[PDB]
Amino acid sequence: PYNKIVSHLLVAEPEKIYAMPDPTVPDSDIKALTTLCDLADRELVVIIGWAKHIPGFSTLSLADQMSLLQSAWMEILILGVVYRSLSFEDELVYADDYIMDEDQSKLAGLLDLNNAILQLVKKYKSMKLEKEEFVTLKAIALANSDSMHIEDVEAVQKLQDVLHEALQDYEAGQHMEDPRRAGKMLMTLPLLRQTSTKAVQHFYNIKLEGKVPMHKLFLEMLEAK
């Protein structure tokens, strides 16, 4: 017994996705970046399906559904990598078959970006982040993505309120020792925003340099305004 929204988000959680880096291809920054962008493309399909499970998300206009996903997609991807990484030390679990350490981060040109993701990991390890809290924060990051393009501002605010309420009710029942735990969880969202912004900018620059092939969906979310 905690909160039905939390229960519902847990059963909506997508299945594990394999990176499947091409074993015939020599190891290189281009291979690593190709593997990551391919993995992101596939995860984005599953993120779109998952969003439809979030109560009220479907009742927004298609424009408003697109705007929230265009602003939040990379925060959702990053929160996944952070959650998969909590039991690891200085490694990022992009996928069960794609665990990046510091050297692989240097070789891929991702040392600054992966260091920032590890800063999110460190904070969530010290807070002992629970799956329930992770799925609820992923939903809040979607609802709270601060798109410039929102048509129904009140509806988007009501989706924020519903999810925030779910987090607060979860924390009130599960963590009576810390009555400010919900707030402390919200206080982690600035770092996710910062990290997501840097990731989008880094991958947009790789897109511009033209050396890494990228699929249609990944490209469409990189090109969003």
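Counting begins at 1, following the sequence as shown. Definition used throughout: the rigid core is the maximal C-alpha set that superposes within 1.5 Å between two forms.
Put simply, when the other structures in 9 other deposited structures of this protein are lined up on the rigid core, the C-alpha atoms of 22-30 lie farther off than those of the other stretch, from 190-198 and 22-30. Of the two segments, 204-212 and 14-22, the one listed with the higher mean B-factor is 204-212 (C-alpha atoms only). With 158-166 and 181-189 compared on mean CA B-factor from the PDB entry, the stretch scoring higher is 158-166. In this structure the maximum Cα B-factor among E133, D146, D101, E75 is found at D101. Of the candidates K106, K138, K123, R84, the PDB record gives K106 the highest C-alpha temperature factor. When the CA B factors of the chain's modelled residues are split into thirds, the value for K4 lands in the middle one.
Sorting the modelled residues of the chain by their CA temperature factor places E43 in the middle third.
Per-chain ranking of the deposited C-alpha B factor places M66 in the lowest third.
Per the PDB record, residue ranking by Cα B-factor puts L92 in the lowest third of the chain.
In the PDB entry, a CA B factor belonging to the middle third of its chain's modelled residues is recorded for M127.
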